[PDB]
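K.L.:
My structure file structure11.txt, compact mmCIF, N, CA and C atoms and all ligand atoms, is below:
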```txt
# COMPACT_ATOMS: atom_id res chain seq x y z
N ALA A 1 -17.18 8.01 -4.07
CA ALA A 1 -16.24 6.98 -3.61
C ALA A 1 -16.80 6.43 -2.30
N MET A 2 -16.02 5.52 -1.73
CA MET A 2 -16.43 4.68 -0.62
C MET A 2 -16.50 5.55 0.65
N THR A 3 -17.34 5.15 1.59
CA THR A 3 -17.21 5.56 3.00
C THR A 3 -16.02 4.84 3.65
N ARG A 4 -15.60 5.30 4.82
CA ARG A 4 -14.53 4.61 5.58
C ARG A 4 -14.92 3.15 5.76
N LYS A 5 -16.15 2.85 6.18
CA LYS A 5 -16.58 1.43 6.41
C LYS A 5 -16.45 0.63 5.12
N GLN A 6 -16.87 1.19 3.99
CA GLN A 6 -16.77 0.49 2.69
C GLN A 6 -15.31 0.26 2.34
N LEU A 7 -14.44 1.23 2.61
CA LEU A 7 -13.00 1.06 2.32
C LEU A 7 -12.42 -0.09 3.15
N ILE A 8 -12.76 -0.13 4.43
CA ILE A 8 -12.27 -1.19 5.37
C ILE A 8 -12.75 -2.55 4.85
N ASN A 9 -14.04 -2.71 4.53
CA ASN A 9 -14.52 -3.99 3.97
C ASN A 9 -13.72 -4.38 2.73
N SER A 10 -13.47 -3.46 1.83
CA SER A 10 -12.74 -3.78 0.59
C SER A 10 -11.29 -4.21 0.93
N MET A 11 -10.64 -3.50 1.84
CA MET A 11 -9.24 -3.85 2.23
C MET A 11 -9.21 -5.19 2.97
N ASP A 12 -10.24 -5.52 3.72
CA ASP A 12 -10.30 -6.86 4.38
C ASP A 12 -10.42 -7.96 3.33
N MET A 13 -11.14 -7.74 2.24
CA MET A 13 -11.22 -8.76 1.15
C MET A 13 -9.90 -8.80 0.35
N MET A 14 -9.17 -7.70 0.27
CA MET A 14 -7.85 -7.78 -0.38
C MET A 14 -6.89 -8.57 0.52
N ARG A 15 -6.92 -8.33 1.82
CA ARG A 15 -6.07 -9.09 2.77
C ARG A 15 -6.35 -10.60 2.65
N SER A 16 -7.62 -10.99 2.64
CA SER A 16 -7.96 -12.43 2.66
C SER A 16 -7.56 -13.09 1.33
N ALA A 17 -7.46 -12.35 0.23
CA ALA A 17 -6.98 -12.88 -1.05
C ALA A 17 -5.47 -13.05 -1.05
N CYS A 18 -4.72 -12.08 -0.50
CA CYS A 18 -3.26 -12.12 -0.63
C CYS A 18 -2.56 -12.79 0.57
N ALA A 19 -3.02 -12.57 1.79
CA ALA A 19 -2.34 -13.11 3.00
C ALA A 19 -2.06 -14.62 2.89
N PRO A 20 -2.99 -15.47 2.39
CA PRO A 20 -2.69 -16.91 2.41
C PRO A 20 -1.48 -17.30 1.55
N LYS A 21 -1.02 -16.44 0.64
CA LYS A 21 0.14 -16.74 -0.23
C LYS A 21 1.47 -16.48 0.46
N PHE A 22 1.48 -15.95 1.67
CA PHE A 22 2.71 -15.50 2.33
C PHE A 22 2.71 -15.96 3.78
N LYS A 23 3.90 -16.18 4.32
CA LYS A 23 4.10 -16.64 5.71
C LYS A 23 4.12 -15.38 6.58
N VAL A 24 2.93 -14.80 6.76
CA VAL A 24 2.73 -13.56 7.53
C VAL A 24 1.68 -13.80 8.60
N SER A 25 1.88 -13.24 9.75
CA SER A 25 1.02 -13.46 10.94
C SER A 25 0.01 -12.31 11.09
N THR A 26 -1.05 -12.49 11.87
CA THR A 26 -1.94 -11.40 12.28
C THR A 26 -1.15 -10.26 12.87
N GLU A 27 -0.15 -10.51 13.70
CA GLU A 27 0.56 -9.37 14.33
C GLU A 27 1.19 -8.55 13.21
N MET A 28 1.82 -9.19 12.23
CA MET A 28 2.53 -8.46 11.16
C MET A 28 1.53 -7.73 10.26
N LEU A 29 0.39 -8.36 9.96
CA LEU A 29 -0.64 -7.74 9.09
C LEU A 29 -1.35 -6.62 9.83
N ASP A 30 -1.78 -6.82 11.06
CA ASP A 30 -2.48 -5.78 11.80
C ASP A 30 -1.53 -4.61 12.05
N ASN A 31 -0.28 -4.88 12.39
CA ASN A 31 0.70 -3.78 12.58
C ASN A 31 0.90 -2.99 11.30
N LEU A 32 0.98 -3.68 10.15
CA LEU A 32 1.15 -3.00 8.85
C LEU A 32 -0.05 -2.13 8.57
N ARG A 33 -1.28 -2.61 8.78
CA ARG A 33 -2.44 -1.71 8.59
C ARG A 33 -2.27 -0.46 9.46
N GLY A 34 -1.70 -0.62 10.65
CA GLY A 34 -1.43 0.48 11.59
C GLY A 34 -0.17 1.30 11.32
N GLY A 35 0.52 1.06 10.21
CA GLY A 35 1.70 1.86 9.82
C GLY A 35 3.01 1.39 10.41
N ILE A 36 3.07 0.19 10.94
CA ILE A 36 4.29 -0.44 11.53
C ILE A 36 4.78 -1.53 10.59
N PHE A 37 6.00 -1.44 10.10
CA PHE A 37 6.49 -2.22 8.96
C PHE A 37 7.54 -3.23 9.44
N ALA A 38 7.18 -4.45 9.68
CA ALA A 38 8.18 -5.49 10.02
C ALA A 38 9.07 -5.74 8.80
N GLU A 39 10.39 -5.82 9.05
CA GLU A 39 11.37 -6.16 8.00
C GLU A 39 11.34 -7.68 7.87
N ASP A 40 10.43 -8.15 7.02
CA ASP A 40 10.16 -9.57 6.79
C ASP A 40 9.89 -9.70 5.31
N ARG A 41 10.61 -10.54 4.62
CA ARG A 41 10.51 -10.66 3.16
C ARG A 41 9.10 -11.12 2.72
N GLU A 42 8.47 -11.99 3.49
CA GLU A 42 7.10 -12.42 3.16
C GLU A 42 6.15 -11.21 3.27
N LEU A 43 6.32 -10.40 4.30
CA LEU A 43 5.45 -9.21 4.40
C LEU A 43 5.76 -8.25 3.25
N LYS A 44 7.04 -8.08 2.86
CA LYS A 44 7.33 -7.20 1.70
C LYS A 44 6.61 -7.71 0.46
N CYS A 45 6.60 -9.00 0.19
CA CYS A 45 5.96 -9.51 -1.03
C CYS A 45 4.44 -9.51 -0.84
N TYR A 46 3.92 -9.62 0.37
CA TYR A 46 2.48 -9.40 0.59
C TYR A 46 2.11 -8.00 0.11
N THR A 47 2.92 -6.96 0.39
CA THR A 47 2.56 -5.60 -0.08
C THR A 47 2.47 -5.59 -1.59
N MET A 48 3.33 -6.36 -2.26
CA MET A 48 3.32 -6.40 -3.75
C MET A 48 2.04 -7.06 -4.25
N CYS A 49 1.60 -8.13 -3.60
CA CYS A 49 0.31 -8.79 -3.90
C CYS A 49 -0.83 -7.79 -3.76
N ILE A 50 -0.84 -7.03 -2.68
CA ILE A 50 -1.92 -6.05 -2.45
C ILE A 50 -1.85 -4.97 -3.54
N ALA A 51 -0.67 -4.47 -3.87
CA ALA A 51 -0.47 -3.38 -4.85
C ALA A 51 -1.03 -3.88 -6.19
N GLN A 52 -0.76 -5.12 -6.55
CA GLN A 52 -1.25 -5.74 -7.81
C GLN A 52 -2.77 -5.81 -7.79
N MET A 53 -3.35 -6.35 -6.72
CA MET A 53 -4.82 -6.51 -6.60
C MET A 53 -5.50 -5.13 -6.63
N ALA A 54 -4.87 -4.09 -6.10
CA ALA A 54 -5.43 -2.73 -6.00
C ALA A 54 -5.31 -2.00 -7.34
N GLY A 55 -4.69 -2.57 -8.37
CA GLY A 55 -4.61 -1.92 -9.70
C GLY A 55 -3.55 -0.83 -9.76
N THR A 56 -2.49 -0.95 -8.98
CA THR A 56 -1.48 0.13 -8.84
C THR A 56 -0.18 -0.22 -9.56
N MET A 57 -0.04 -1.42 -10.14
CA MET A 57 1.25 -1.90 -10.67
C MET A 57 1.20 -1.89 -12.21
N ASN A 58 2.38 -1.93 -12.80
CA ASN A 58 2.55 -2.31 -14.22
C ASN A 58 3.15 -3.70 -14.30
N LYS A 59 3.20 -4.23 -15.54
CA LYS A 59 3.65 -5.63 -15.73
C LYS A 59 5.17 -5.76 -15.61
N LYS A 60 5.93 -4.67 -15.59
CA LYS A 60 7.37 -4.70 -15.26
C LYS A 60 7.63 -4.83 -13.75
N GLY A 61 6.61 -4.86 -12.88
CA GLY A 61 6.80 -4.98 -11.42
C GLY A 61 7.07 -3.64 -10.75
N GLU A 62 6.71 -2.54 -11.41
CA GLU A 62 6.83 -1.20 -10.83
C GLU A 62 5.45 -0.68 -10.46
N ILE A 63 5.43 0.34 -9.61
CA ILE A 63 4.18 1.08 -9.33
C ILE A 63 3.91 2.01 -10.51
N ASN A 64 2.68 2.03 -10.97
CA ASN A 64 2.15 2.99 -11.98
C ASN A 64 1.51 4.16 -11.23
N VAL A 65 2.20 5.28 -11.11
CA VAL A 65 1.74 6.39 -10.24
C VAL A 65 0.47 6.99 -10.81
N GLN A 66 0.40 7.13 -12.13
CA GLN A 66 -0.84 7.68 -12.73
C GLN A 66 -2.03 6.80 -12.42
N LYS A 67 -1.90 5.49 -12.54
CA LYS A 67 -3.03 4.57 -12.27
C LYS A 67 -3.37 4.61 -10.78
N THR A 68 -2.35 4.73 -9.93
CA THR A 68 -2.54 4.78 -8.46
C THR A 68 -3.36 6.03 -8.12
N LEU A 69 -2.99 7.19 -8.63
CA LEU A 69 -3.76 8.44 -8.41
C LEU A 69 -5.22 8.24 -8.84
N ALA A 70 -5.48 7.60 -9.98
CA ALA A 70 -6.86 7.36 -10.45
C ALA A 70 -7.62 6.44 -9.50
N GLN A 71 -6.97 5.41 -8.96
CA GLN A 71 -7.62 4.47 -8.03
C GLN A 71 -7.96 5.22 -6.73
N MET A 72 -7.07 6.10 -6.29
CA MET A 72 -7.32 6.88 -5.05
C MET A 72 -8.56 7.76 -5.26
N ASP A 73 -8.67 8.43 -6.41
CA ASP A 73 -9.88 9.26 -6.76
C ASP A 73 -11.14 8.39 -6.72
N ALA A 74 -11.10 7.18 -7.28
CA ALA A 74 -12.26 6.25 -7.33
C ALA A 74 -12.64 5.73 -5.94
N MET A 75 -11.67 5.31 -5.14
CA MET A 75 -11.87 4.33 -4.04
C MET A 75 -11.87 5.02 -2.67
N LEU A 76 -11.11 6.09 -2.48
CA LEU A 76 -10.89 6.62 -1.12
C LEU A 76 -12.00 7.59 -0.75
N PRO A 77 -12.37 7.61 0.55
CA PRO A 77 -13.21 8.66 1.10
C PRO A 77 -12.57 10.00 0.79
N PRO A 78 -13.36 11.02 0.44
CA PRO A 78 -12.79 12.31 0.06
C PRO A 78 -11.83 12.88 1.11
N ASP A 79 -12.09 12.59 2.40
CA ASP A 79 -11.28 13.04 3.57
C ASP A 79 -9.83 12.52 3.44
N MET A 80 -9.61 11.35 2.81
CA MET A 80 -8.29 10.65 2.73
C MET A 80 -7.66 10.83 1.33
N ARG A 81 -8.50 11.02 0.33
CA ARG A 81 -8.09 11.02 -1.10
C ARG A 81 -6.98 12.06 -1.34
N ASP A 82 -7.15 13.33 -0.97
CA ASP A 82 -6.17 14.37 -1.39
C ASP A 82 -4.82 14.20 -0.67
N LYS A 83 -4.88 13.82 0.58
CA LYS A 83 -3.65 13.56 1.37
C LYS A 83 -2.93 12.33 0.81
N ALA A 84 -3.68 11.30 0.40
CA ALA A 84 -3.06 10.06 -0.12
C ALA A 84 -2.40 10.37 -1.47
N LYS A 85 -3.00 11.21 -2.27
CA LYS A 85 -2.45 11.61 -3.58
C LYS A 85 -1.20 12.48 -3.39
N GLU A 86 -1.18 13.40 -2.42
CA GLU A 86 0.02 14.21 -2.17
C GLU A 86 1.14 13.30 -1.66
N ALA A 87 0.80 12.30 -0.88
CA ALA A 87 1.80 11.36 -0.35
C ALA A 87 2.43 10.59 -1.52
N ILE A 88 1.60 10.08 -2.42
CA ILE A 88 2.08 9.30 -3.60
C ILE A 88 3.02 10.17 -4.43
N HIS A 89 2.64 11.41 -4.69
CA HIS A 89 3.53 12.34 -5.39
C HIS A 89 4.86 12.49 -4.65
N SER A 90 4.85 12.71 -3.33
CA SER A 90 6.10 12.98 -2.58
C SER A 90 6.99 11.74 -2.59
N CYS A 91 6.38 10.55 -2.64
CA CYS A 91 7.08 9.25 -2.49
C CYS A 91 7.42 8.64 -3.85
N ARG A 92 7.23 9.36 -4.96
CA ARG A 92 7.39 8.72 -6.31
C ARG A 92 8.86 8.33 -6.61
N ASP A 93 9.86 8.92 -5.99
CA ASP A 93 11.27 8.57 -6.29
C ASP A 93 11.70 7.33 -5.49
N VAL A 94 10.88 6.81 -4.58
CA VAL A 94 11.37 5.75 -3.67
C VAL A 94 11.60 4.46 -4.49
N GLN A 95 10.65 4.05 -5.34
CA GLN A 95 10.75 2.71 -5.98
C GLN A 95 11.98 2.61 -6.90
N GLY A 96 12.44 3.71 -7.47
CA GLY A 96 13.62 3.69 -8.35
C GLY A 96 14.89 3.35 -7.58
N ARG A 97 14.88 3.34 -6.24
CA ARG A 97 16.07 3.02 -5.42
C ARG A 97 16.20 1.53 -5.18
N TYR A 98 15.24 0.72 -5.60
CA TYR A 98 15.21 -0.72 -5.25
C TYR A 98 15.03 -1.54 -6.52
N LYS A 99 15.89 -2.53 -6.73
CA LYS A 99 15.76 -3.42 -7.91
C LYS A 99 14.57 -4.37 -7.77
N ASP A 100 14.32 -4.82 -6.53
CA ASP A 100 13.35 -5.90 -6.30
C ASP A 100 11.93 -5.33 -6.11
N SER A 101 10.95 -5.91 -6.75
CA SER A 101 9.58 -5.33 -6.76
C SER A 101 8.92 -5.40 -5.38
N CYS A 102 9.22 -6.39 -4.55
CA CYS A 102 8.62 -6.41 -3.19
C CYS A 102 9.25 -5.27 -2.40
N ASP A 103 10.55 -5.00 -2.55
CA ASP A 103 11.15 -3.82 -1.91
C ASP A 103 10.46 -2.55 -2.45
N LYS A 104 10.26 -2.48 -3.77
CA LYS A 104 9.65 -1.25 -4.33
C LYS A 104 8.32 -1.00 -3.60
N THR A 105 7.43 -2.00 -3.56
CA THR A 105 6.09 -1.74 -3.00
C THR A 105 6.19 -1.48 -1.51
N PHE A 106 7.01 -2.25 -0.80
CA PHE A 106 7.09 -2.17 0.66
C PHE A 106 7.59 -0.78 1.06
N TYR A 107 8.72 -0.34 0.51
CA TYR A 107 9.32 0.97 0.86
C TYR A 107 8.49 2.12 0.34
N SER A 108 7.83 1.99 -0.82
CA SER A 108 6.92 3.06 -1.27
C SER A 108 5.78 3.19 -0.27
N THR A 109 5.23 2.09 0.18
CA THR A 109 4.11 2.06 1.16
C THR A 109 4.60 2.70 2.45
N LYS A 110 5.77 2.35 2.94
CA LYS A 110 6.33 2.91 4.19
C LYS A 110 6.44 4.44 4.06
N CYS A 111 6.87 4.93 2.91
CA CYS A 111 6.96 6.37 2.64
C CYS A 111 5.57 6.97 2.78
N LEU A 112 4.53 6.32 2.24
CA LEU A 112 3.17 6.85 2.38
C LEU A 112 2.77 6.96 3.83
N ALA A 113 3.05 5.92 4.60
CA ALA A 113 2.73 5.91 6.04
C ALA A 113 3.45 7.04 6.75
N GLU A 114 4.73 7.21 6.45
CA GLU A 114 5.54 8.23 7.16
C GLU A 114 5.06 9.62 6.77
N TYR A 115 4.50 9.79 5.59
CA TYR A 115 4.01 11.10 5.13
C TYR A 115 2.93 11.58 6.09
N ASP A 116 1.98 10.73 6.46
CA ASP A 116 0.94 11.10 7.43
C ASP A 116 0.36 9.82 8.03
N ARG A 117 0.79 9.49 9.22
CA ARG A 117 0.34 8.23 9.88
C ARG A 117 -1.15 8.27 10.19
N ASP A 118 -1.73 9.45 10.37
CA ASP A 118 -3.15 9.51 10.81
C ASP A 118 -4.08 9.12 9.68
N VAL A 119 -3.68 9.38 8.44
CA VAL A 119 -4.59 9.02 7.33
C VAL A 119 -4.18 7.67 6.75
N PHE A 120 -2.99 7.16 7.00
CA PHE A 120 -2.54 5.89 6.37
C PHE A 120 -3.36 4.72 6.85
N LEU A 121 -3.71 3.88 5.89
CA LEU A 121 -4.25 2.53 6.13
C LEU A 121 -3.59 1.61 5.12
N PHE A 122 -3.54 0.35 5.46
CA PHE A 122 -3.12 -0.64 4.44
C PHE A 122 -3.98 -1.88 4.61
N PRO A 123 -4.30 -2.55 3.50
CA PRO A 123 -5.10 -3.76 3.63
C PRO A 123 -4.41 -4.85 4.48
NA NA B 1 -0.18 17.05 1.40
```
Can the structure in the file be given as structure tokens, please?
Ligand code: NA

P.N.:
Amino acid sequence: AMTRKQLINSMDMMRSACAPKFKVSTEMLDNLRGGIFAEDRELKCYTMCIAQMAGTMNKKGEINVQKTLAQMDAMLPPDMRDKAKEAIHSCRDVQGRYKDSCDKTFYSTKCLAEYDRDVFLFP
């Protein structure tokens, strides 16, 4: 899988694909990469764009946890992979609490960040 530098380059190309579709600022995007979650509907739907581009969603607008675990095995530095997979497992009940798919991705992502802020990154 990727080195940290390779992961950052890939997440920067995911940001540049999804950010232009949403009314989100550098402060909101840079803070989100840093684990700080602005309550902004455009930023919530940006997380859904990223989740889709990252291969983590199904066509019903839910997170596919099995596919997400497989992407983490493929894409993450080994140092981050096992912690990110344990976080996804711990956070699997979050999306069922929200009808709206941007809420599902945003709050699932926030759960991942809260699980371990030191390993969390977001595109
Ligand atoms: Na863990």

K.L.:
Can you pull out every residue with an atom within 6.5 Å of ligand NA 1 (chain B)? Use all atoms listed in the file and format it as a list in words.

P.N.:
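Based on all atoms listed in the file, ligand NA 1 (chain B) is surrounded within 6.5 Å by residues 82, 83, 86 and 87 of chain A.
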
K.L.:
Which residue out of A:60, A:4, A:41, A:21 has the minimum interatomic distance to residue A:99 when only C-alpha atoms are used?

P.N.:
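Closest to residue A:99, using only C-alpha atoms: A:60.
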
K.L.:
Tell me, as a PyMOL selection string, which residues lie within 8 Å of residue A:56, counting only N, CA and C atoms; anything in the same chain fewer than 6 positions away does not count.

P.N.:
chain A and resi 50+62-69+71

K.L.:
Just how far from atom CA of residue A:3 is atom CA of residue A:73, in Å to one decimal?

P.N.:
12.8 Å

K.L.:
Step one, run DSSP on the backbone; step two, keep only residues of chain A assigned to helix (DSSP H, G or I); then write them as a ChimeraX atom specification.

P.N.:
/A:4-21,26-33,41-53,65-75,78-90,95-97,101-115

K.L.:
Could you tell me which of A:81, A:117, A:15, A:59 comes closest to residue A:34 if we count all atoms listed in the file?

P.N.:
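The answer is A:117, which sits nearest to residue A:34.
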
K.L.:
Might I get the box with edges along x, y and z of the file that holds all atoms of stretch 115-119 of chain A listed there, padded by 3 Å on every side, given as centre and edge lengths in Å to one decimal, as AutoDock Vina command-line options?

P.N.:
```
--center_x 0.0 --center_y 9.6 --center_z 8.0 --size_x 15.1 --size_y 9.9 --size_z 11.7
```

K.L.:
Could you please fill out stretch 18-44 of chain A with N, CA, C and O atoms and send it back as a compact mmCIF listing (two decimals), in the coordinates of the input?

P.N.:
```txt
# COMPACT_ATOMS: atom_id res chain seq x y z
N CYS A 18 -4.72 -12.08 -0.50
CA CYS A 18 -3.26 -12.12 -0.63
C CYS A 18 -2.56 -12.79 0.57
O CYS A 18 -1.55 -13.50 0.37
N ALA A 19 -3.02 -12.57 1.79
CA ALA A 19 -2.34 -13.11 3.00
C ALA A 19 -2.06 -14.62 2.89
O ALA A 19 -1.00 -15.08 3.35
N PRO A 20 -2.99 -15.47 2.39
CA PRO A 20 -2.69 -16.91 2.41
C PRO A 20 -1.48 -17.30 1.55
O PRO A 20 -0.95 -18.45 1.71
N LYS A 21 -1.02 -16.44 0.64
CA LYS A 21 0.14 -16.74 -0.23
C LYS A 21 1.47 -16.48 0.46
O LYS A 21 2.49 -16.74 -0.17
N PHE A 22 1.48 -15.95 1.67
CA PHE A 22 2.71 -15.50 2.33
C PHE A 22 2.71 -15.96 3.78
O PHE A 22 1.65 -16.09 4.42
N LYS A 23 3.90 -16.18 4.32
CA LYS A 23 4.10 -16.64 5.71
C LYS A 23 4.12 -15.38 6.58
O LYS A 23 5.19 -14.96 7.08
N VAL A 24 2.93 -14.80 6.76
CA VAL A 24 2.73 -13.56 7.53
C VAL A 24 1.68 -13.80 8.60
O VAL A 24 0.64 -14.41 8.29
N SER A 25 1.88 -13.24 9.75
CA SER A 25 1.02 -13.46 10.94
C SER A 25 0.01 -12.31 11.09
O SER A 25 0.23 -11.19 10.55
N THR A 26 -1.05 -12.49 11.87
CA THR A 26 -1.94 -11.40 12.28
C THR A 26 -1.15 -10.26 12.87
O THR A 26 -1.52 -9.09 12.60
N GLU A 27 -0.15 -10.51 13.70
CA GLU A 27 0.56 -9.37 14.33
C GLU A 27 1.19 -8.55 13.21
O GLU A 27 1.09 -7.32 13.24
N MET A 28 1.82 -9.19 12.23
CA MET A 28 2.53 -8.46 11.16
C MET A 28 1.53 -7.73 10.26
O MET A 28 1.78 -6.58 9.84
N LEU A 29 0.39 -8.36 9.96
CA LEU A 29 -0.64 -7.74 9.09
C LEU A 29 -1.35 -6.62 9.83
O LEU A 29 -1.57 -5.53 9.25
N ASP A 30 -1.78 -6.82 11.06
CA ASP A 30 -2.48 -5.78 11.80
C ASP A 30 -1.53 -4.61 12.05
O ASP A 30 -1.96 -3.43 11.96
N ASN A 31 -0.28 -4.88 12.39
CA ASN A 31 0.70 -3.78 12.58
C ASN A 31 0.90 -2.99 11.30
O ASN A 31 0.97 -1.75 11.34
N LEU A 32 0.98 -3.68 10.15
CA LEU A 32 1.15 -3.00 8.85
C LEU A 32 -0.05 -2.13 8.57
O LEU A 32 0.15 -0.95 8.15
N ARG A 33 -1.28 -2.61 8.78
CA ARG A 33 -2.44 -1.71 8.59
C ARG A 33 -2.27 -0.46 9.46
O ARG A 33 -2.69 0.64 9.02
N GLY A 34 -1.70 -0.62 10.65
CA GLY A 34 -1.43 0.48 11.59
C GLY A 34 -0.17 1.30 11.32
O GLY A 34 0.15 2.16 12.14
N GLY A 35 0.52 1.06 10.21
CA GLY A 35 1.70 1.86 9.82
C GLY A 35 3.01 1.39 10.41
O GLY A 35 3.94 2.19 10.42
N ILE A 36 3.07 0.19 10.94
CA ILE A 36 4.29 -0.44 11.53
C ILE A 36 4.78 -1.53 10.59
O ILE A 36 3.98 -2.43 10.22
N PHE A 37 6.00 -1.44 10.10
CA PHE A 37 6.49 -2.22 8.96
C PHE A 37 7.54 -3.23 9.44
O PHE A 37 8.75 -2.88 9.56
N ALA A 38 7.18 -4.45 9.68
CA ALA A 38 8.18 -5.49 10.02
C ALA A 38 9.07 -5.74 8.80
O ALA A 38 8.59 -5.95 7.70
N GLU A 39 10.39 -5.82 9.05
CA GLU A 39 11.37 -6.16 8.00
C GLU A 39 11.34 -7.68 7.87
O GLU A 39 12.13 -8.43 8.53
N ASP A 40 10.43 -8.15 7.02
CA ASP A 40 10.16 -9.57 6.79
C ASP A 40 9.89 -9.70 5.31
O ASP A 40 8.97 -8.96 4.81
N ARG A 41 10.61 -10.54 4.62
CA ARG A 41 10.51 -10.66 3.16
C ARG A 41 9.10 -11.12 2.72
O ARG A 41 8.59 -10.66 1.70
N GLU A 42 8.47 -11.99 3.49
CA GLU A 42 7.10 -12.42 3.16
C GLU A 42 6.15 -11.21 3.27
O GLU A 42 5.29 -11.10 2.43
N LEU A 43 6.32 -10.40 4.30
CA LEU A 43 5.45 -9.21 4.40
C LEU A 43 5.76 -8.25 3.25
O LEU A 43 4.83 -7.64 2.69
N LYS A 44 7.04 -8.08 2.86
CA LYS A 44 7.33 -7.20 1.70
C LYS A 44 6.61 -7.71 0.46
O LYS A 44 5.97 -6.91 -0.20
```
